[PDB]
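What follows is a single structure, written as structure tokens, with notes after it.
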Ligand SMILES: [Zn+2]
């Protein structure tokens, strides 16, 4: 349900979206959203 | 047992999401929101099967309004205010103006779907419209011709002075006012039709004779066209209608291929196995050993699939001569050995408890055998009525005089009259296996031979080929051939039950691999009863 | 048989342009290419239909298609 | 051996198609010579359309500010509201220099709304449409094809492939033909066990009548037989098939009455506020969730069982 | 320019959208409470609640502006295509009665909530002064929390299928066919 | 009738297009699928004459001839595109090529 | 035992066709009547021709505007006639044809004439094959049905009889009659049809009426391919229980071939015997019964089954031989009076039917101008030359 529900940084989850199939990982650790880590730190500080 | 009721419900539900929804419903009841009736309805689908738990819940809770269905919403009283001059007090007290149903609300703004029909049914409906509009125009013209003939008869016996002035209201002195209007509008033009209608109405006995003549010749040519179309309609519908009546039989050619496979029968026996096991887990710890049983009341049916089998042996060309000979010998021997029949008593002219532990190929072979047996029982049980109906087929004399009876299958000898239907369909199956029957004609013969009830014999050659190919694997496979040899050693027709079948099971479990399926087929000499038990992965766990 | 002009898919036209060395393919080229192919087929198949009707045959052979391509200066080899 | 070539006659051709009989043979000598658009960009729906001569926008007969009826439609040229504002007065003559401030100066200092009142005339009439920020706080709802309400209760429309050309046996229906694929789920390949009776009831191909139809729930994927719950056929068109085991949207408690049309969920932003403090006697009127402004609580099985036992132990005396 | 609405009013608006488009239920126009007495009660409550520092002039100005703008905006951005037939026959009845109908006498507060919902689009599409815009926003939030203080007596959930009053009536087949059809 | 209804590769445009040009120019196999072209051929032929059949080899010859003609037309269209100081083809270039060809 | 049967025919009821490629067709009634007179049933029967209804006589359930609209319906000026087209939902699902006013008038006249003949005691069984329309609402036309003449017949029966029962046995059940009699207690409606993505979409086990009409609307949802045995098992005991509890004074039966094996939009697998034994069972009670016909998109099967209904109502067993009529080419290659059942799947399980029966039993256990008004005036019409 919904359109944004991910334990990692959200990528319109309804698995790493927008990447190949050889990158999946389903191990168990702590989860934090943080709004995609402040939107990858305001897009790497606006491309540094 | 109030303390242990909740975990009992938790183990009964199993799923976590359904348990949370049950807790939400139960708390909704707890917060003075849900009354007793809706709780009773909820536990009717929740714990309806558990009779002990439901009776305890009813005794412990203390159980001793309108339905308001999804349709017929209540209109406001503003829409009720309508004059409705044809309504008296009884109509006011018997009719409701505040309840209206509209199918788009039932569709929830998504529409509705119609029933899917076969293509032959669509051509049959097209034939129905083509035949309908022809004679509908014909008899509308006939009614207008009759009205104009009554008019002409009234003109025939009075003078010219009242002939010049014969003003009439719309209707031509009859109870209808628009049949003739539609007839003249269809015969003539759109703009000219209104003016000739106006002429006929205000000035009769001048345009009316030529209108009657035009309508008479139009009716004559329409009747000639209908007569020349009726023959084509009859002969095309002779092959359209019976194919349209067959719904499952048209798809049977592919359904029998897709559904009579190994994995489908594995699924359909494992479904019954898990149903029996969890039903007993709910009810009682012991489990029955009988499931998917077949009854064998007739002994000549084995002889019938024997005849079909050795007819198929002499037809195919993909096998060698000694391979065909050993396949026919194995097919005869397995029937003579499993069913305790000494030999074949049909080997002259007019031809051309015990436990079985087997693998999956023998399972599929036996399932094909029992399927053909059940099909032949469905043929034979109604055969005494079908043969009586065919032998007493009272043909219509008027159809014979006009040559209207269906003689499509009677020319090539596909008719079932004057002979037994079962022997005739056995010969038809033999020749269809021989490959010189033009199979769709055999489908048509089955369609108008048993009134579409013989739809399971449509792929008799296909299931015979599947049976032959599955019996071919009984000797080529080393494990299956060794299983047959161990059945030669095991079968002795002596009272030695319940002392060596455990050894049979042990040597089979040591003989078969882990991925191979496990079966127990029990056959009884009395009443020819057979039972199959699915014991897959129930012996290698220890 | 209806809506069979869409059987020639958009990546099929894209691959056909790739065979021709086309760098970039517009979104409006697909309908125009489908129309051009429809006109060419409506000429060639009609010519083959006339060729088959002349020979009192009910199905059209590849030789009649070869003749229909040859008569318009587009001769085809291998059939 | 059908013959539609010679036995199809000359007077009457293929039915449902007229011919030249009503035109060529119709001589009666008995009288003895005596820019626009087609999408309706005010409600995004279809129907009878009216358009302006010099404006590409087309409207409905009722979506117009003063709804007009087709039986008394005005004659001559018709114009929209901004057509009266742009091609007509206040733009071509008497150009807009300070008439907007004159609206405040004339309409008795309504300046906080006079600009919107003036912009009303420079605005086409349209149906109500929910704003974007109103829609974003409810992620379960969405806009439909023509602009109707669409929450998770309503099922997605079926495509034409599954509905028209879905072969014969299938026919978008499992009531016809043996359909063993409906009893097997593709997630694990196991058997779908019904909730009421714990049987899949697949049956056999030799006995198709012993098979019982089953369906998958659209929320929790719970299998359910068609004979246990009272229901005739499947649910493919319309709303999603809600099994009678979840929380209903609206319940009735006659005592006039209370409806309680749920809360339809709030997204994972700061509006969703959690506060688990009390487990007994909260009177939270529902909208709970289970864990191992719109106020919600982290309730569990123990608290629900406690308040249930408390309420039915107070209510058994009455 | 950003405006906030409490989640109860957003849920009410979403339920109204569901009633109109999905459930096919228009609002009960012959209702007990209309927009004029809504604004009159709001103005009286805020006038008798606080002191008198000179804000009653702008309070009455805001009330009169909201009344006039709801009068001349009701057929522009509110009024779903389903309710257009109801508006048409009410206008026909008023034309037969030789009287000039204004929407503040018959329309409920749900259309006012719709107007407050579409207000940021109207402010963003118009050239307005900053201080007047903030004053209008502040008065909007004041009215929104006043409506939040009186939800129970004003927006009560009731079903028209079994009650005489639900501030909502069911649409007929003829009504739906005329409105959502031609 | 009774119914109510980390960084990705991120290839720039043009390089993969030239890669496909080099792959399909040296290739041999047919780009257009068999049955869609066959169904289009039958649909076109049914407008001229009904109850008509095509053999597999006739469909093959028609498909290869149409592919070669469309490849030549696309070559002329691309040549006109570079001639018009462009790398993107337009349908007006196709119409111009057809007009120059005389068809 | 022996009962007099009044047959109501009109020679003008079949002269109107709805359109090309149309499911509904009044042309089947003419060949059904030709089958009736071709079987020699006129010697033990009485036949009258009913007059067409008027505007006021058709206003007895519908509104004034709907009746005026239907009287002023004309296909030539359909271009400007678009407001009332919708609302009365005419022209979208029910297209406009010439003679709609006349066809509705004949159907209504036949319906209330059957009701009046049942009321006055002149006949025991009233058969009106000219009109059996049941999908018509108060101001809505659906299912190619325009005027709800069955409601008018029930009203005319209620003028003399205290209780009237309506029985529907075909698919696409009449929601108009149930809507007209949802709240009244003197009218009980029982119907058998398919539910689930079906054109009407109305009728549940929970749908039994509201107010004073609580538990007075019986609806039996069925599935595809129901055979004759399961149809008998779902019909006869519930009909006996309805007669035991409700005790009606009149029965309105909507016979039709929509529930037959071959149909256009139908879904059932009933033969002629399965469709006829229910009528025989409801005739064996002895109480008066009204028979109307408004179903059956097929034609050849519906004519044979209407002839079989007439023959069973005539207390005679019809032979399988089919004589010569002017509509003889419609029939199958066997040319016998027999509707052949199809072999499609019988998905109607006995357990689901038993659950429906228990729900119905638990619902029904609590049941224990105007110058020419009242009708009772028809032309004789004894000179019929339909025999061939
Ligand atoms: Zn129907």
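First residue shown is number 1, and so on along the chain.
Note: Cβ is positioned from N, Cα and C throughout, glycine not excepted.
Copied over from Swiss-Prot:
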MOD_RES   C:10  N6-propionyllysine
MOD_RES   C:10  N6-succinyllysine
MOD_RES   C:10  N6-glutaryllysine
CROSSLNK  C:10  UFM1 cross-link
MOD_RES   C:23  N6-(2-hydroxyisobutyryl)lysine
MOD_RES   C:23  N6-propionyllysine
MOD_RES   C:26  phosphoserine
MOD_RES   C:56  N6-propionyllysine
MOD_RES   C:56  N6-lactoyllysine
MOD_RES   C:58  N6-acetyllysine
MOD_RES   C:58  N6-glutaryllysine
MOD_RES   C:67  phosphotyrosine
MOD_RES   C:70  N6-acetyllysine
CROSSLNK  C:70  ubiquitin cross-link
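A map of Swiss-Prot features onto the structure.
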residue: C:10; record: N6-propionyllysine; CB count, 10 Å: 15
residue: C:23; record: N6-(2-hydroxyisobutyryl)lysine; CB count, 10 Å: 18
residue: C:26; record: phosphoserine; CB count, 10 Å: 15
residue: C:56; record: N6-propionyllysine; CB count, 10 Å: 6
residue: C:58; record: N6-acetyllysine; CB count, 10 Å: 11
residue: C:67; record: phosphotyrosine; CB count, 10 Å: 15
residue: C:70; record: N6-acetyllysine; CB count, 10 Å: 11
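Across the fold, the C-alpha of residue C:58 (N6-acetyllysine) and the C-alpha of residue C:67 (phosphotyrosine) stand 17 Å from each other. Counting only the Cα atoms, the space from residue C:23 (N6-(2-hydroxyisobutyryl)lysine) to residue C:67 (phosphotyrosine) is about 35 angstrom.
Residue C:56 (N6-propionyllysine) and residue C:67 (phosphotyrosine) have their C-alpha atoms 16 Å apart, to the nearest angstrom. Here the Cα atom of residue C:10 (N6-propionyllysine) is found 30 Å from that of residue C:67 (phosphotyrosine). Cα-Cα distance from residue C:67 (phosphotyrosine) to the residue listed as 'phosphoserine': 35 Å (rounded to the nearest whole number). Taking the Cα atom of each, residue C:70 (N6-acetyllysine) and residue C:26 (phosphoserine) are about 32 angstrom apart. Each of the modified residues C:23, C:26, C:56, C:58, C:67, C:70 was checked for a CB under 8 angstroms from a CB of chain E; none meets this.
Contacting chain F by the Cβ rule (under 8 Å between Cβ atoms), the modified residues C:23, C:26, C:56, C:58, C:67, C:70 reduce to C:23, C:26, C:58. For the recorded site, residue C:56 (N6-propionyllysine), the DSSP three-state label reads coil.
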